[PDB]
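Below is one structure, written out as structure tokens, with a few remarks after it.
4 protein chains.
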Amino acid sequence: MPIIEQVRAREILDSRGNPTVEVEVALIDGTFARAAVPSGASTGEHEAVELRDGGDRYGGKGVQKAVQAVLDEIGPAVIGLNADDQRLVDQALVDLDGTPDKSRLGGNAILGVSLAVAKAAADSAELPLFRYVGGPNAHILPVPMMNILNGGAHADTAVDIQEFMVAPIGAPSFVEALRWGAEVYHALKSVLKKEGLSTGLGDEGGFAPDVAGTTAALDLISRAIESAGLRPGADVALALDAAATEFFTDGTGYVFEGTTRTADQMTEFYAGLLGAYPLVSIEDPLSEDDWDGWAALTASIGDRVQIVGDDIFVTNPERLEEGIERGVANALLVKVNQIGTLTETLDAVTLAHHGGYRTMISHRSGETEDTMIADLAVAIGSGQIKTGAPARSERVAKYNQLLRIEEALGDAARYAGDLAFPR
Amino acid sequence: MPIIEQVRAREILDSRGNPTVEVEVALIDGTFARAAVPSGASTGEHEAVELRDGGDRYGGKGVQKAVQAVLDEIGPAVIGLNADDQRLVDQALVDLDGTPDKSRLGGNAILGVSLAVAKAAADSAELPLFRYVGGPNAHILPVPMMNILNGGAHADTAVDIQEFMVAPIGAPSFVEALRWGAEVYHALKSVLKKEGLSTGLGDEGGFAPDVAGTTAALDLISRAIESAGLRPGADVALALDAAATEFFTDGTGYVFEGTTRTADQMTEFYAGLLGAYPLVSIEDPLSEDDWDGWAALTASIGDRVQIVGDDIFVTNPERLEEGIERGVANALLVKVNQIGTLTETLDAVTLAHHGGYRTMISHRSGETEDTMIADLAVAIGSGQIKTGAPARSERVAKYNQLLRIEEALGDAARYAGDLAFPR
Amino acid sequence: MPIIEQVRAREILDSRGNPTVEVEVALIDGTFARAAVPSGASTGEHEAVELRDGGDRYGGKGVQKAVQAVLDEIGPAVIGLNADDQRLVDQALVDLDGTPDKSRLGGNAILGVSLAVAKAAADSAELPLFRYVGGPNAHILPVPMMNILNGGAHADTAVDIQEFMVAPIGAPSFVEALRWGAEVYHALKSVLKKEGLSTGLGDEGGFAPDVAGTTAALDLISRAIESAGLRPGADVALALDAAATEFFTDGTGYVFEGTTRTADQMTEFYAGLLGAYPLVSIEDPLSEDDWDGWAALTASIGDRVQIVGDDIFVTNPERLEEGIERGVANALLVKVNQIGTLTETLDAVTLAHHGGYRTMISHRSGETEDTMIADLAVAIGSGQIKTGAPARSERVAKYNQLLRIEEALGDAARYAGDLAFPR
Amino acid sequence: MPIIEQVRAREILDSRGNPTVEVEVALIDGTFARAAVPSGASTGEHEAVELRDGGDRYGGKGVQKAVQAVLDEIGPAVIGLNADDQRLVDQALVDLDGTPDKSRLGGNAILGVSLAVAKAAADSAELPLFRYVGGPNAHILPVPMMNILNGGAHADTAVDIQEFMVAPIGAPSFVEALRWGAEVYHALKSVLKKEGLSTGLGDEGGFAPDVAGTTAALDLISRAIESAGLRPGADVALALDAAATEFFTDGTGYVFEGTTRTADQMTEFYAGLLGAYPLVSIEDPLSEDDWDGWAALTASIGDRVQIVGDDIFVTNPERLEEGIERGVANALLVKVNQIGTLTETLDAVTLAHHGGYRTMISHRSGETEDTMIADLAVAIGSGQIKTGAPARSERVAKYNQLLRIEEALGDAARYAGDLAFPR
Ligand SMILES: [Mg+2]
Ligand SMILES: [Mg+2]
Ligand SMILES: [Mg+2]
Ligand SMILES: [Mg+2]
Ligand SMILES: [Mg+2]
Ligand SMILES: [Mg+2]
Ligand SMILES: [Mg+2]
Ligand SMILES: [Mg+2]
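Protein chains in written order, with the numbering used here: chain A, 1 to 423; chain B, 424 to 846; chain C, 847 to 1269; chain D, 1270 to 1692.
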């Protein structure tokens, strides 16, 4: 039966060398699932809170407190519930915590137990995780948005756009899309090494060279796409993650490239970018509190390009409805550890689907060898995924799992190429 | 394993005394599921073709040919595939037929095998059918739209609105919604018996009295709602199924109550109805070819009420996209036997979800003791269902199955009342 | 029964974005294993060769040919053998190939099948992989040598030594050793900023600074160790990977720091290093063909430091015996894919144990999410491991698996700290 | 599961008619393994002591109270541990005893439980007892060293060496080595009968003739090897067990053959023997405490012959490290009941492997029908075994078990002939 019997937790290291929680759920017969909780560089004001130790051990980032919370409190609080009742167990956890941010028990411990329970339920049904979480109709493979060139808050560089991403929208299958992405990645590596720029990978596997500006970066990416043998826009498109909050001082304006601008001038810069390049999506173009500027930008360019809300929404339904009503950000970015449980994740992605918003399962800066977000991007049928460059196998494990998913589907699979970017 | 071993078929009677197909799929384990194929009265032409015998036996409606087709072709054509690969088996069937409307093998045989395969896959996973088809997040119980008063193409009467439906949107749970529906039904029965009107149930369990007109019918329904002890609009709302095609002569106009009117005057009549009554939804307000009039009506009153497309769309994605682009009919009506397979059903309901359209799992005129559309309306989370009045247990089996579903969910369940009719 | 039933391979991406092989050997019971084959940055003249595709697809590095080889020949050539007869299957493969380098079938396909059948002959007995491969006495956790600072043939800067490593030899347990390593890593990450340098991770997770020379690098590392809160030598030692072949022009001397030197001069440089720093191990100090210089260096400084043979031996027993005879390289470096199969690895490590040589299970430049070298370094009881810096979770997966191994052992485990570097 | 459930013990007779202990560890599954504890003719000053009854029953050698120690203390003290954790259970026993030589509970009541659990941690995994203890690479069949001619402390004779042994190093396989040993044995039996001597078997199956001097014994053995059809040195070597502690009066000297001699004289006697005969190994050449003479003898001839201590080390790691650092003897005998547990045995054999010492699993004077030392000599890959002459089926059971092992290996097996005696 799918009734929880044991809940264990241990402390491991994530892809960046910081501690994190690993939860192992054992069912009565022997079904034994294991899930590790990813982490993020920016805490925010609305996400769930990670319960860190604090002090001098591990630089104050130990998670012995969350491990102890799982081993003494959450364990018996879920031992005995029904695995296939995700909403039951997740409401149990959310009430056992009792706070609107889950900070008393930490979002990481709760998410670890939630995810391991979902994995054990999918293992029990003998379905594969994507089939369970998505049902019978889970057949779509997502377009990998590969962040190949890093800037902004990741390195000392003039550019302040965080992530520059390519998207192989013109590929016939998913495996060919992965091949094109890897080829563009190596072509860009060669192009960089040619101009005496640094080829030291950041935290996302993307490069961090000292480029002149955003336009020079996009032109370098276009050169790399051309050198691979493809056609920009018809085969490979471009995408941005601006993260304007990382350079927005409240009440003065967005200091961009040494020139203070209003929301209007940022929208003009974005319009120029969209004109001169085959951009298909921009993520967090303005700050997460400048709602009026966001509505202005959605009116201006919000039908020639996809507008992804990464920080303005925190995968919270309560902020998602408020952004739906005011006509902003016709796209969501689903990070599973910004909400704390799988159930609220599915609810927010449903709420964003029924509002005309595309979604995009995304990764964190500190990931692990867990490849669940691939299964989750296939199950919910998002048709987009953002899980880094084809390097640093914490990022490549996701692509490998998507390859295995496509092979397991077989003739049923469909690649969501160019059907995810109509504009 | 979920690999198909045997496929049988027999000929049974539906709720109206006409033959239909019953398919029994037996898996290797011992999982043995059966499913019967419903059949409606009105064929919208675009929908899949129902392969009948023709002749003198059973009035020319025998289905011995579909039974033979299942026993000689489809059986070995699916024996050996993987049950959980719904899209695999359904594409196998659709190619084995080879026609754009499945007329060579009939939509009924193909749908019977599809549904029995889905039932055996859900039984294999040991999940319940709604949990399988909907995943982990299948928790919403739909608002039952109970057709209590029949007119139009169902009896000799001055009214030409086909179905008059009530909807308990104000109930706290699903059980109380069913109770309120049954109480309104019996109150209306008493109100009818008082005025010496006929209490002979039609094909939907609804009554067929010789009332003056649409307004008199709605006033009688409001009297019945008041006599039950509830408040019209706050507790119970009203709904219409016009089926205008049943009185639309092409090139002349909608002959309503002996007066030929254009689309404009029909929209004015509908606006008057919406004003004087708490109508929340109208289904097929105009013909299925008067696209311009439909766009006009969607612009005029298509934000004060729900516009359900029953015939203008036939659960076909190719017509659904075309109706999406032209701004028409912000609601779909999902009939499983108008498309022929479960897979295309799920695809059309997905396509209508991501377009701002609410859906509504619906029944046919000739049903059976099969309660699959209840599980299907819970799984896809439509939040609405149309399965007749609480009588004629081919209609009540669905409500009973929804009660069992709610009991099995428990604390996780949520009634979709007042969240499915914002206007 | 542990008899092989199926063997199937697919093509995936490794940690560097290049293709590689992944084999999945199922057993007649249900045991289903999976092992991906690593590949290094640079190979030599004596190891087994990888069967790459060549051409334009994937930059000429596709492995579709090795996948096809597994699926047509290696598959049926082992289906039916006994899993626990590791010495049977590996000789079967080695004869089926027929060449001294496994060129006909590629070392990668052979190694994939070897490792996967080993992971199934350990999963069958329900033992854990380390307990199987090592027996009942497998209880020692190795000292992690963490490559934190990269140089030489990687960042093309003024440094020539390839890998600078730290080794927490003074820790009480393994988990504290991992903590100390991570803390030294994060301290160096800040010392770099405090000396105006870059924090771009290389291929091993180590940093790529533009520091003056070798001595400056060791001084920077010592500063980071002091800033972490530990004591150099008593808590944390140091290590080197000279990789002399990358700067040795045959017929002339080693070109170091811009000067041509003889073997004697390099030995004096290494002695000056051993002087002012707590170096415990140097790897490949001279080229893999300068045997006489190797004997000289072994007799000179082979009593005060460990001498690791990385290229002078390729995990080949036939070269290992010769290096044993002439008195060189008191330590071996075990890379599993430089010999092509598990059995030859076990034989070479046995041969190096019975000769007074310490061993060190090592990683390749392109790894995957496979964590077999952790189990293998616990099983053979090497007491040392070299698997990169605590970053880039293709490196951190090994440390996480070693943590799980220590937790599973419990009181039995012993950390081999300060018992692996007597000199 | 490998969790101990029941532990029993009874008192049986060994090969010499003295009582001994027989333990029967049972597992929860049904795994039921028994193991009898051997006992030597004479103990020393550092082994673990046997807990004899003392008194008049069985000549004071009863073990009725070591049988009781297992049924009242050790039983519940191990019932519940994990079989595959040899380190765990063996440390549990060693602490439950609490003495430096296991005297409180006897070194026979503990070793029985150790062995009978290991015979269930191998029976459970369905591996054979030799694959478990040695892993997957256990393939080497040892060179049988057959003691065919007894002298010294065994019979009233002018011979001073204890055991004269032959070793078929030139055989192609193990079965041919056993055949050659048996043929030499019968040839010697015929030569003895033909030269007017006695054929009374000692405690090892070897003969006890009344011959004069060592040289005459080696000449008899060489004549038997010649008469068998072989040639000394190329086919069959020779070996000695001086056991010189049995005639070393401390402070006076090695009185033998009517000459009191110092350690220096014995080295010349051994050198003369080594010259005139093809000796490959001498066991206990000088004494249990004459360390300086041992170092001298190791310097003198310790690279032209193997030096076995057996008594100078007692399979105790503590004395082994001292003998390593002083580098006295090139080899040791691994007697499992001189250390008390299986774990400490493996630890000492590992410690002596990594020091340049070859090992030799050996038997005791009083053995049983237990054939564990064969499985243990092939698992640790010692390449040598000393288990008596091919007679007295307590000694032949070991050879029969090695034959079964060689048959079960198949093509994987390798005979360690002439690779175990390079000198
Ligand atoms: Mg962020
Ligand atoms: Mg972002
Ligand atoms: Mg109809
Ligand atoms: Mg209708
Ligand atoms: Mg190399
Ligand atoms: Mg190296
Ligand atoms: Mg003795
Ligand atoms: Mg002896």
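Even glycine gets a Cβ: it sits at the ideal position worked out from N, Cα and C.
**Prompt:** What residues does ligand 8 have around it, judged by CB closer than 6 Å to any heavy atom, in chain order?
**Reply:** D:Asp-1510, D:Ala-1512, D:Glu-1552, D:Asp-1553 and D:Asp-1579
**Asked** For the 8 Å Cβ check, are there 3 or more pairs between the stretch 1632-1639 of chain D and the stretch 1350-1369 of chain D?
**Response** no
**Request:** Can you grab the Cα-Cα spacing for the pair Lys-1388 of chain D / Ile-1273 of chain D, in whole Å?
**Result:** 12 Å
**Prompt:** Given 8 Å as the limit, is there contact between the stretch 651-665 of chain B and the stretch 692-701 of chain B, that is, 3 or more CB pairs closer than that?
**Reply:** yes
**Item:** Cross-chain neighbours of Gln-86 of chain A in chain B, by beta carbon under 8 Å
**Value:** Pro-559 and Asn-560
**Request:** Quick one: using the 10 Å Cβ neighbour count with 16 as the cut-off for buried, is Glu-257 of chain A buried or exposed?
**Result:** exposed
**Message:** Using the Cβ count rule (16 or more neighbours within 10 Å means buried), how would you classify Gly-1169 of chain C?
**Reply:** buried
**Request:** Consider the C-beta atom of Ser-885 of chain C and the heavy atoms of ligand 7; say whether any pair is separated by less than 7 Å.
**Result:** no
**Request:** Could you have a look at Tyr-1546 of chain D and say whether DSSP puts it in helix, strand or coil?
**Result:** coil
**Asked** Around the C-beta of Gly-1404 of chain D, are 16 or more other C-beta atoms found within 10 angstroms, so that it is buried, or is it exposed?
**Response** buried
**Request:** Please find out if some non-hydrogen atom of ligand 3 comes closer than 7 Å to the beta-carbon of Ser-465 of chain B.
**Result:** yes
**Message:** Just list the residues that DSSP pairs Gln-1575 of chain D with in beta bridges.
**Reply:** D:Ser-1550
**Item:** Under 8 Å between C-beta atoms of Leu-141 of chain A and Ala-389 of chain A
**Value:** no
**Request:** Would you verify that the beta carbon of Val-396 of chain A is, or is not, closer than 8 Å to some beta carbon of chain C?
**Result:** yes
**Request:** Check the Cβ of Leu-755 of chain B against every Cβ in chain A and list those closer than 8 Å, keeping chain order.
**Result:** Neighbours of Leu-755 of chain B on chain A: none; closest Cβ ~13 Å, over 8 Å.
**Message:** Can you pull the chain A neighbours of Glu-1213 of chain C, defined as C-beta to C-beta under 8 Å?
**Reply:** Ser-393
**Asked** Listed in chain order, which residues of the stretch 1393-1426 of chain D have Cβ atoms closer than 7 Å to some Cβ of chain C?
**Response** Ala-1394, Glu-1395, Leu-1396, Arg-1400, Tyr-1401, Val-1402, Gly-1403, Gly-1404, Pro-1405, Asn-1406 and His-1408
**Request:** Grab me the residues of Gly-467 of chain B's own chain with a C-beta within less than 6 Å of its C-beta, minus the 5 sequence neighbours each way, in chain order.
**Result:** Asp-734 and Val-737
**Prompt:** Should residue 1725 of chain D be labelled buried (16 or more other beta-carbon atoms within 10 Å of its own) or exposed?
**Reply:** As shown, chain D starts at 1270 and ends at 1692. That puts residue 1725 of chain D outside it, with no answer to give.
**Request:** Leaving out five residues on either side along the sequence, give the residues of the same chain with a beta carbon under 6 Å from the beta carbon of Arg-1692 of chain D.
**Result:** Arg-1573 and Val-1574
**Message:** Going by C-alpha to C-alpha distance, which of B:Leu-641, B:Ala-814 and B:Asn-739 sits closest to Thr-766 of chain B?
**Reply:** B:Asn-739
**Asked** alpha helix (DSSP H) containing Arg-1673 of chain D: first to last residue?
**Response** 1665-1678
**Request:** Taking only beta-carbon positions, decide if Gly-1571 of chain D is within less than 8 Å of chain C.
**Result:** no
**Message:** At the 8 Å Cβ level, is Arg-862 of chain C part of the contact set with chain A, yes or no?
**Reply:** yes
**Request:** Say yes only if the C-beta of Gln-509 of chain B is nearer than 7 Å to one or more non-hydrogen atoms of ligand 2, and no if none qualify.
**Result:** no
**Asked** Is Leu-1132 of chain C buried or exposed, if buried means 16 or more other CB atoms sit within 10 Å of its CB?
**Response** buried
**Message:** If we define contact as Cβ-Cβ less than 8 Å, is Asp-834 of chain B a contact residue for chain A?
**Reply:** yes
**Item:** Contact set between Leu-1192 of chain C and chain D, taken where Cβ atoms lie within less than 9 Å
**Value:** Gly-1404, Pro-1405 and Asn-1406
**Message:** Between the alpha carbons of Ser-190 of chain A and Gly-804 of chain B, how many angstroms are there, rounded?
**Reply:** 50 Å
**Prompt:** Just by C-beta distance, which residues in the stretch 1012-1032 of chain C are closer than 8 Å to chain A?
**Reply:** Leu-1024, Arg-1025, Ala-1028, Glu-1029, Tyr-1031 and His-1032
**Request:** Note down, one range per segment and in chain order, each alpha helix (DSSP H) of at least 4 residues found wholly within the stretch 881-956 of chain C.
**Result:** 910-915 and 932-943
**Prompt:** Can you find a C-beta in chain B that's less than 8 Å from the C-beta of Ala-118 of chain A?
**Reply:** yes
**Message:** Runs of 4 residues minimum, wholly inside the stretch 144-195 of chain A: which ones carry the alpha helix (DSSP H) assignment?
**Reply:** 174-194
**Item:** N- and C-terminal bounds of the beta strand (DSSP E) containing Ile-1649 of chain D
**Value:** Note, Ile-1649 of chain D: premise wrong, no beta strand (DSSP E); not H, not E.
**Item:** Rounded straight-line distance, which links the Cα of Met-1434 of chain D to that of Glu-1452 of chain D
**Value:** 14 Å
**Request:** Return no unless some Cβ of chain C is closer than 8 Å to the Cβ of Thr-1612 of chain D.
**Result:** yes
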